[PDB]
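Report on the structure given below.
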Amino acid sequence: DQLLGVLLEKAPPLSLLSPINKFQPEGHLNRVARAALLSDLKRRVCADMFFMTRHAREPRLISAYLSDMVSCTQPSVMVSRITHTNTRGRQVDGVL
Amino acid sequence: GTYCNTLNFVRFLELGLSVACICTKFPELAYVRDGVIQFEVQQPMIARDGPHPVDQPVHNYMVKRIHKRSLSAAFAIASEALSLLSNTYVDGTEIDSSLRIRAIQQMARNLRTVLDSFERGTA
Amino acid sequence: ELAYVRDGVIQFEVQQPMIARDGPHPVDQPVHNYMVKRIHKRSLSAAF
Amino acid sequence: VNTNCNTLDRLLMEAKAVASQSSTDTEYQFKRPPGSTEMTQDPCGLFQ
Amino acid sequence: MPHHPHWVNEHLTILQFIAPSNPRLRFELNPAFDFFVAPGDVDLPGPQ
Amino acid sequence: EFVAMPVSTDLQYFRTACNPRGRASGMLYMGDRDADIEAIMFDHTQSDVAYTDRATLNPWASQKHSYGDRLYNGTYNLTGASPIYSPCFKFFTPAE
Amino acid sequence: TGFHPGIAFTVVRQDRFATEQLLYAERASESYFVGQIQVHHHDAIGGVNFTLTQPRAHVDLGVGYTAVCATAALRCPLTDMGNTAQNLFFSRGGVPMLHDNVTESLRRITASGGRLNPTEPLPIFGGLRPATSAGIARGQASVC
Amino acid sequence: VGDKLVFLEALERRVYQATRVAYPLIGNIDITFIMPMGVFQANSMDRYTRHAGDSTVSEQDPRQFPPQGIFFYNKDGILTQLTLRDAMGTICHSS
Amino acid sequence: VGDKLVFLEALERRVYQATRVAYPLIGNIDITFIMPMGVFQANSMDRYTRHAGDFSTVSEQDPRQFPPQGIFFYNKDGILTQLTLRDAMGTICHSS
């Protein structure tokens, strides 16, 4: 149970920080940024709510695109040892 | 399960990104100061007769110019340079194998990532 | 001897990767990150 | 407005654009200051 | 009369009342006990 | 909670992202001082540029220290001992 | 207070949208020249540095449109409508005549607001340098 | 894609990783648009009434007439109000 | 799942079952709501009507122009009830 408690420290606003990793500002503006960040955050939390998957009827026809979009992650910078590779050439990505 | 390998080590001569370009070398590379070019493409004509006036082949030559880019790359460090240039030997003593090995390791490790970053930026 | 060992040797050397591009760029200086591996321990207890 | 080359060169030079006269992207919305250049495209700006 | 009249105008509805008025709006804080300014050493009724 | 409201209501301000009094406040305040929660509305001598159409949503309580800092506060001990909702004074105490 | 004017004051609409491109190449649609990198000695304030300088020559076919990019794709709206009107105060009017006191009273009446005063007076022979903004942690919008 | 084959690759895990630099191949567009107003016919005779009556034909209804301010839409999709008390300084006194 | 290969299993059926202690990692999530009951119009085009005989469930003198007394909140299946005076008859006499 203690080993499973890493979520509370492994769950920052990653979903919210993902777009900023590629859409970092490069100009010089503060008033418009202040006026627009609230709207951006409210639209993000409106479109990222669980109601979409709660009311969804066809998973693969509704939430599959969103799951594929949010399933993109970057590999770690530390190279591990030789993992258990399949005889047919299949690699292991992770666990869930 | 756990090893000692940080970041990622990649190269450019074996990546294979350049698949539709021919590599060329020119050790005697200097200022070109632009220049002139000339091209010749054979364009077939047409043959017709009647009320319309006859047509004759014509040749048109157009000259153009070229643009030369600029490359800039520099860093900012003083402690490493001072340490490297503070010895200047004394009178012809030994090579100081320990210090030489440490310098060869550190400078090469820094230069590898420096050149990797420079190549990535230029690409 | 896990009660008091204070490690002793570790390969904690991580730099900040940056693009070495000149021209219209500001002035900056790279910094080193000194991470730690100290996690607080919290557990319950029971008896019978 | 006046042309100085053939149709191909005219369309090639009209397919591009130069920096606008706006104050980058700030909220001041002033004239272009000397010392800031950016690549922008303004298609069909002369068509009104 | 020391200066121009303060709030003798009666043609203010929302913005004509909230934009220019400030001394007359600072005295209105809560709808329980209003406040007003007056010179010191003034009796009711005062002297000549 | 049972809180009174002024007779002047701002339906547009209420509908626009239901902003909680004044301006878009919270944690995204990176300025020159920590006393910007009232300077931006007490500077006066000019009617701003951008909006010029909303001074205060509820002037009965949004003006200086009138109601939010005088009803229960939370630092006078005796006044803060009332059995009220615990996560309700966070919007009135700047803290550190 | 009296006759309602019929004139209006509209706002110009401009959009600045950016979308990802899709570069197209061919067998000989792109080429570059590789030579020898020159080494130049550089001097620093506390040590010795090195600078790299080498001209680059690019040659293209120049016969048509071979490198076809992508059109406007689908992306999140990065343009926000922000009004920044009332910029006439920076010009202080014009036509200098015997109207200084009247125009000063008019400007005082029109600028005697009660919300916020970042900048307003702008006296003669004044610079009015912009204030210091935040760092590099902000959003993106537009004005009109 | 039929009788032709293309050469595509996805090289993204080796570039633009942990770098605080501006994204390249970004092109800003510039489109000029106007917002004309003043919808009012010369003759007020081409009008009728709807079948439903569940009323907007009152003599004191300012909706059928242009307002004092300017009504323009924004990104949020709502209609804002802008009075002329600040824009009155647009008098053409340069004559 | 998607374009990757990751583990997909549930461990909740093998640990902490048929026991007094429930599943751990159960936090408290609360969402705030606003239900205003005061309506304040601005224009003079909200107190007039042509006819009030759409439905025959009311009398001819329908008092639809009067402001509403309150807002009926839903209750499970939906019950139109309003009980606020009996709970907050006096709460501002001493405060004022």
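Reconstructed Cβ throughout: ideal geometry from the backbone, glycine too, with neighbour counts over all protein chains shown. Taken together, the values in this text are just the output of simple stated rules run on the coordinates, not laboratory data.
Note down the nm distance, to one decimal, between modelled labels 7 Å out along Cα→Cβ at residue B:20 and at residue A:55.
Once both label points are built, they end up 4.6 nm from each other.
Round to a whole angstrom and tell me the spacing of the C-alpha centers of the range A:1-55 and the range E:24-48.
Each part's Cα centre sits 52 Å from the other's.
Between residue D:40 and residue G:60, how many nm apart are label points set 7 Å from Cα along the C-beta direction?
2.3 nm
Among the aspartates and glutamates, select those whose C-alpha is under 16 Å from the C-alpha of residue F:90, and discard any that sit fewer than 8 residues away in the same chain.
F:1, F:34, F:69, I:30
Quick one: if you stick a label point 7 Å off each Cα along the C-beta vector at residue B:74 and residue B:105, how many nm between them?
Label at residue B:74, label at residue B:105, 3.3 nm between them.
Hey, with R₀ at 25 Å, roughly what FRET efficiency would residue F:76 and residue E:30 work out to, going by the Cβ-Cβ distance, to 0.05? All intermediate terms of the calculation are to be shown ahead of the outcome.
Values: r = 19 Å, r/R0 = 0.76.
That pair, residue F:76 with residue E:30, gives E of 0.85.
Please identify which residues in the range A:7-44 have an amide N closer than 18 Å to a label point set 7 Å out from the Cα of residue A:76, following the Cα→Cβ vector.
A:7-12
Let's see if you can work this out: charge +1 on each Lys and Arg Cβ, -1 on each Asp and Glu Cβ, no other charges. What is the dipole magnitude of chain F about its Cα centre, in debye to the nearest 20? Mind dumping the intermediate values first?
Working: 8 positive and 11 negative charges, 58 e Å.
Computed charge dipole of chain F: roughly 280 debye.
Students often get this wrong: which residues of the range F:42-76 have the backbone nitrogen under 18 Å from the point 7 angstrom along Cα-to-C-beta of residue G:108?
Within reach of a label on residue G:108, which here means backbone N under 18 Å from a point 7 Å along Cα→Cβ, the range F:42-76 contributes F:44-47.
Can you compute the charge dipole magnitude of chain C about its Cα centre, using +1 on each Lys and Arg Cβ and -1 on each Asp and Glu Cβ, nothing else charged? Give it in debye, rounded to the nearest 20.
Numbers: 6 positive and 5 negative charges, 75 e Å.
For this selection, approximately 360 debye.
Going by alpha carbons, how many degrees (0 to 90, nearest 10) lie between the helix axis of G:100-111 and the longest principal axis of chain G?
70 degrees
About the Cα centre of chain H, how large is the charge dipole given +1 on each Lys and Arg Cβ and -1 on each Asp and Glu Cβ? Please answer in debye to the nearest 20. List each step's numbers first, then the result.
Values: 9 positive and 10 negative charges, 65 e Å.
Computed charge dipole of chain H: roughly 320 debye.
Along the charge dipole of the range G:1-95, pointing to its positive end and built from +1/-1 on Cβ of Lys, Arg, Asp and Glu, which listed residue (G:12, G:44, G:65) has its Cα farthest out?
Value: G:12.
Calculate how steeply helix A:31-47 sits against the longest principal axis of the alpha-carbon atoms of chain A, using the helix alpha-carbon long axis, and give the answer as 0 to 90 degrees to the nearest 10.
Around 50 degrees separate the two axes.
Compute the relative contact order of chain B as a whole-number percentage, counting only Cα pairs closer than 8 Å that sit 6 or more residues apart in sequence. Write down the numbers at each step before the final one.
Numbers: 25 pairs, mean separation 31.1, N = 123.
Relative contact order comes out at 25 percent.
Mind giving me the FRET efficiency for residue G:19 and residue H:41? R0 is 51 Å, r the Cβ-Cβ distance, nearest 0.05 is fine.
Numbers: r = 41 Å, r/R0 = 0.80.
Efficiency for this residue pair is about 0.80.
Percent relative contact order of chain I, based on C-alpha pairs within less than 8 angstrom and at least six residues apart?
Values: 25 pairs, mean separation 14.8, N = 96.
This gives 15 percent for chain I.
Picking from F:61, D:28, C:20, whose Cα lies most toward the positive end of the charge dipole for the protein assembly as shown (charges on Cβ: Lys, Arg +1; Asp, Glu -1)?
Projecting each Cα onto the dipole axis, the largest value belongs to C:20.
Roughly how tilted is helix B:97-122, in degrees to the nearest 10 and between 0 and 90, from the longest Cα axis of chain B?
That works out to roughly 30 degrees.
Rounded to the nearest 500, what is chain A's calculated 222 nm mean residue ellipticity when only DSSP H runs of at least 4 contribute -39500 (n - 2.57) each, over all residues? Don't skip to the end; give the middle numbers.
Details: 6 runs with 43 residues, N = 96.
Computed mean residue ellipticity for chain A: -11500 deg cm²/dmol.
Where a Cα-Cα gap under 21 Å defines reach, which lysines qualify for residue B:25, not counting those fewer than 8 residues away within the same chain?
B:68
Find the eigenvalues of the gyration tensor of the Cα atoms of the protein assembly as shown, then list the square roots of 5 times those eigenvalues as equivalent ellipsoid semi-axes, largest first, in whole angstrom. Mind dumping the intermediate values first?
Values: eigenvalues 688, 390, 236 Å².
For the protein assembly as shown, the ellipsoid semi-axes come out as 59, 44, 34 Å.
Taking the dipole about the Cα centre of the range B:51-120, with the C-beta of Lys and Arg at +1 and of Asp and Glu at -1, give me whichever of B:98, B:117, B:60 is farthest to the positive side.
The Cα lying farthest towards the positive end belongs to B:60.
With θ set to phi - 60°, apply the Karplus curve 6.51 cos²θ - 1.76 cosθ + 1.60 along the range F:21-32 and write out the HN-Hα couplings as whole Hz, x wherever there is a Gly or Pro.
Residue by residue, the range F:21-32 yields 6, x, 10, 6, 9, x, 10, 8, 10, 10, x, 10 Hz.
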